[PDB]
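# Survey of secondary and tertiary structure
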Amino acid sequence: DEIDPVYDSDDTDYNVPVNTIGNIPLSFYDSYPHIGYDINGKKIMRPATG
Amino acid sequence: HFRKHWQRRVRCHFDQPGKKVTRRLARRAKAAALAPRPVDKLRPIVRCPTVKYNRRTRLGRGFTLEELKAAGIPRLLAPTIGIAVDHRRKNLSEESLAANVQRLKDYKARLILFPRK
Amino acid sequence: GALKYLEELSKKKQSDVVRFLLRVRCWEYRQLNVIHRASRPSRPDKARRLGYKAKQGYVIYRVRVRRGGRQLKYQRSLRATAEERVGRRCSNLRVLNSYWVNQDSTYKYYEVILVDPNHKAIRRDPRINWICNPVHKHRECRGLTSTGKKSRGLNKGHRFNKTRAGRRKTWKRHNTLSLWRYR
Amino acid sequence: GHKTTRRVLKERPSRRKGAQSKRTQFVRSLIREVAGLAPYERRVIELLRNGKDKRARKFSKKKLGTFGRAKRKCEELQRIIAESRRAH
Amino acid sequence: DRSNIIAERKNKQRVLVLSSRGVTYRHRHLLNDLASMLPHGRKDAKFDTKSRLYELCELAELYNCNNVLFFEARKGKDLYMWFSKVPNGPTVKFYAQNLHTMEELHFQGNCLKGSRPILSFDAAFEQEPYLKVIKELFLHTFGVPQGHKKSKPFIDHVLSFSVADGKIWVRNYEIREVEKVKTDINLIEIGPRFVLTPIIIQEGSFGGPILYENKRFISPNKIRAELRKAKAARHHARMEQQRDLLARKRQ
Amino acid sequence: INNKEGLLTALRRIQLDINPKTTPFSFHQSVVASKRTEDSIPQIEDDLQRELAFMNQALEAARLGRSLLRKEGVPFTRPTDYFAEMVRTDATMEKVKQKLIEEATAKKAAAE
Amino acid sequence: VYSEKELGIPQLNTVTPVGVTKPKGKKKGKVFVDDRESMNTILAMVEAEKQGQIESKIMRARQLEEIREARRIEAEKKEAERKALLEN
RNA sequence: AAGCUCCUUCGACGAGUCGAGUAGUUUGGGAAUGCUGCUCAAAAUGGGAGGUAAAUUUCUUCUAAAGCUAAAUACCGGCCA
RNA sequence: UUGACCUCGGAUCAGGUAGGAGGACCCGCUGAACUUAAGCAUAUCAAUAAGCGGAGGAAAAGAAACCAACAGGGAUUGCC
């Protein structure tokens, strides 16, 4: 029987982040309105100011 | 190649004749103790391992159990009558088996046994 | 066969029974002294397998040594440290062999089997009069026990070329310049 | 290579070091029953009863360190579960 | 959804990149480079050599992986690289040689980890029936599905497979865009550089009948045995010369 | 042993549709060259020519891929404000930069 | 010590993108900063590295936020200019 | 009391030890060369090390975590010559 | 009320034993720098010197979880 290449609720990669930003520091984007890019190539805007 | 202290680790063989005399006197000490007996034990004929040296034979450690049995010499008696025994070696070949049983038959033919006490 | 049952039970260490016994026993050892005489082996199968006999002359002493490191790593083992301390306390006995009995998070507990070389039973019995002979003084201090052999690397093969037959001896032999009479 | 006549050698007990001892297997089973399970074995049993067999294999590997050891541990624990179900 | 893919048609492909016991540090660095380039694939540590090779098909089922990249090291010197589709697909065994890793400082190129690569294949990959089966196995492994959530959005590197000898040469380049003179592409090599000699293609996951066998493969162990035999032959020639000269001297 | 029928049967069983009439290049992103690198490598020991042939093959593939992907509307160029993890670390890039610096410095120092 | 501009050192792609580099010895197109918003963002960055270290977390956050707002307004105005010149 | 022989009967072999990850140290030796510390922690047609592209992990060779043992070896110290 | 067992104690109890010296050689632990070379750093000196512990006339090692791939060898030690 064939395998379904699917992630189960125990895999380290079940819940994948949206930021598409790796293990780099967030010292970048400090002076930018956005934080990273998504899958489709659209940047992720910072929510608001506290 | 003298980056280390060879001067404190250097050795000279000025006692080569002295050690030769000492070893010869040791062989005579063994033959004074084992006077009618040979000063060594009968060792088997073994073929050298690798392809480089497999065309020649040498003396091995001891005779195998089943080649002693084929020669007709009991296990518990062979080391007593002066035959080295090697329980680790396997014959693996009728050629080695036959060579060693022939050697043991020659030893049997040339041996003299004294009757206990 | 009770010793075989205990062997399997001791292999099953994190099992419930063994874990319970090790806990309440670790508390006892923490309440007792750091080095103390153990009236009997806590692991009789391990003791008899390592050579403990129920004669007059075989003593068992239990010791706890602090675990961890000095980032420097000590070349000998906590077993070696425990054996050396037990021998120094019982300077008149010969350390036969030691074994782990309990671990704990800050200490580590070993029972050391020792033999009296001066007791008549030991002197008359073979299999132990070798340890009566004087070449076996302070085996734990010279690395002649099981942990000492393991740490010094007394195994045969290609993975122990430098360390078998003595590391310092091998280095000295390789670093001697040999000059013969007729060169 | 060279042509030498092969000889059939006797069986070696050192080769018979492979354990077929029925009494030793009996002792292992009895000690398993008496002593019980380690906490990670309890976790594996829990996952096997709930059918998370893949997760159980993964956890057994993480605890033991090798595919083969994990497989043997899971087989032993599945046998324990089957025997318990038969006994109850 | 459980695929980690957002696309109209989902190419659900996952890889288990696995290492054997006797793998050296250079082979481990290669495995790390390939695993970093593969976001749909996860690492697996040393695999017992006494285990059966189809046990790799039950390791794949555990991690829900349909593709396996198996690094098998022999004598601690030679890498054999296996590609398969579990549980019933084709498998290919290759001998990997000439390894250079991303930590080598002559490379000069770098790329986004997880970015989807443009896969370049030589023409022989659509001519010889054996090289077409290798192609689909390469596309499934070094492909990086369209909507995978662990991928990067912008594409900046090309992975090229070429057939120069009876071997597959694998290269990896960064696409550097430079403005035209009144933008065009330059390529800068970035990563692993290895050569793969095909050995067998067998109809099965790691078994079944063989569909292709090289019949022209020379083993490093064959080379070593030839050298040893040459040394033994020199010694035997010297011994034979000594015997013949002694006989002639007796005559 | 070259079982072409069996090779093709196995190929059919694992072949995902790549036909451009129904499948997009954004979906597959594989380019097959229209010429052999064999015909461009006369001698395999010539490292320069071999690497040039490999680079040219990859370059043709990259050009066609960029054309097709820009046609299909997939983002291609990496924005200057997109900072993300690399397959090679900043430390490794620093060492490559430093060896380039020392090589150029040695050459210009010999000139001086 | 010799400058990396003097030495013909290629640009290297890191977490900071190289971008579309310009050919050497050719016309590097001059982009002009004459907009009030572009002057604002350059000025905000300059004042940021001039002021430097601040003990107060909220003050640091506000400095970063004013730089971010300058970039946002610049992007909005440039997009508006793009739309204006594309439609009318 | 002992050796051998035969067999419609039996044949027990060392666990916080292997091993996995990791830090330090060491080696010609990341299949980690050995060792130690920390975390996890085994098996029974088992385990360890090698051979091998040969089509599957076949073959070869040994039994670790208990112990004893003279000789060939070293020697600026001891009793002398 | 008494008596066993277990555990832990006292005694100038009866009988023994260890400490220190020596350390040329031996078994462990610990552990440098001067020196040499190299853009730099690892490396080298050296797993040495110094320091600590433990034996003997020798010590240590030692009867394969060895070496091999042969027609195989067969505990350890030392020389070429």
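Residues numbered from 1 in each chain as written, not as in the entry; some residues may be left out. Chains lettered and ligands numbered in written order. Part of a larger assembly, values for the part shown. Heavy atoms only, no water.

Attention shifts here to helix 2 (residues 57-87) of chain G. All names here are of chain G. Taking 1.5 Å per residue, 31 residues should reach 45 Å; helix 2 reaches 45 Å between its end C-alpha atoms and fits that length. Among the residues of helix 2, those classed as buried are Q63, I67, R68, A70 and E74. Buried residues in helix 2 make contact with helix 1 (36-51). (Helix = DSSP H or I, 4+ residues; strand = E, 2+ residues; numbered from the N terminus. Expected span 1.5 Å × (residues − 1). Buried < 20%, exposed > 50% of the residue type's maximum accessible area, 1.4 Å probe, protein only. Contact = heavy atoms within 4.5 Å.)

Residues and elements named next belong to chain E. Scanning all chains against the criterion turns up 45 salt bridges over all chains. Between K180 and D184 there is a salt bridge, and its shortest N-O distance comes to 3.7 Å. Residue class for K180 comes out exposed when judged on its relative accessible area of 55%. Overall, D184 belongs to the partly exposed group, its relative accessible area being 22%. (Salt bridge = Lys/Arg side-chain N within 4 Å of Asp/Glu carboxyl O.)

A few words now on the protein's contact with RNA strand I. RNA strand I sits among 57 residues. The nearest are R3(B), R58(B), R88(B), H158(C) and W171(C). Taking all atoms of RNA strand I within 4 Å of the protein, the share assigned to sugar and phosphate is 75%. Contact distances for RNA strand I include 3.3 Å between a phosphate oxygen and a backbone N or O atom of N91(B). Residue assignment for the surface near RNA strand I shows that the elements contributing at least two residues are strand 2 (45-47) of chain B together with helix 7 (139-142) and helix 9 (167-175) of chain C. With 6 residues, helix 9 of chain C is the single largest residue contributor to the surface near RNA strand I. (Near = heavy atom within 4 Å. Polar contact = N/O pair within 3.5 Å; in protein donor to acceptor, adjacent residues only side chain to side chain.)

Turning our attention to the nonpolar core. All names here are of chain E. Residues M81, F138, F142 and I168 are the most contacted members of the largest nonpolar core, which totals 47 residues. Here this core takes 7 residues from helix 3 (residues 129-141), the largest share from any one element. The residues touching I168, leaving out its near neighbours within four places in the chain, are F94, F125, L131, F138, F161, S162, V163, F194, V195 and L196. (Core = buried A, V, L, I, M, F, W, Y, C linked by side-chain atoms within 4.5 Å.)

Moving on, we come to the interface of chain D and chain C. The interface is formed by 15 residues belonging to chain D together with 12 residues belonging to chain C. Contact between chain D and chain C buries roughly 1,100 Å² in total, counting both sides, with carbon and sulfur atoms accounting for 60%. Area buried by chain D at its contact with chain C is led by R23(D), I31(D) and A35(D), which between them contribute 40% of it. Across the pair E8(C) and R28(D) runs a salt bridge whose closest N-O atoms are separated by 3.3 Å. For the pair chain D and chain C, the number of links is 2 residue pairs in polar contact. Take the side of chain D that touches chain C: its biggest share by element is 10 residues, from helix 1 (residues 22-35) of chain D. Class assignment of the residues belonging to the side of chain D that touches chain C gives a composition of 9 nonpolar, 2 polar and 4 charged. (Buried area = accessible area lost by both parts, 1.4 Å probe. Nonpolar A, V, L, I, M, F, W, Y, C, P; charged D, E, K, R; others polar.)

Moving on, we get to a nonpolar patch on the surface. Residues and elements named next belong to chain G. A surface patch of nonpolar side chains, about 330 Å² in accessible area, is lined by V33, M39, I42 and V46. Residue position: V46 is located in helix 1. A residue is classified by how much of its surface remains accessible, and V46, at 45% relative accessible area, is partly exposed. (Patch = residues over 30% accessible without salt bridge, like charges linked within 9 Å, V, L, I, M, F, W, Y side chains within 5 Å. Areas by Shrake-Rupley, 256 points an atom, 1.4 Å probe, with all protein chains shown as cover.)

Below, the discussion takes up the side chain of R139(C). Residues and elements named next belong to chain C. Relative to the assigned elements, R139 resides in helix 7. For the buried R139, which has no salt bridge, the nearest side chain bearing the opposite charge is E140, at an N-O separation of 6.5 Å. Side-chain polar atoms of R139 contact the backbone oxygen of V95, separated by 2.4 Å. In contact with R139, other than residues within four places in its own chain, are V95, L96, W130, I131, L144 and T145. (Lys, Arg positive; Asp, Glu negative; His and termini not counted.)

To continue, consider the protein's contact with RNA strand H. In the region of RNA strand H, 88 residues are neighbours, and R67(C), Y74(C), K162(C), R69(D) and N221(E) sit closest. Among the atoms of RNA strand H close to the protein, meaning within 4 Å, 63% are from sugar or phosphate groups. Between RNA strand H and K63(D) there is a distance of 2.6 Å, counted from a sugar or linking oxygen to a backbone nitrogen or oxygen. Across the surface near RNA strand H, the residue classes break down as 20 nonpolar, 28 polar and 40 charged.

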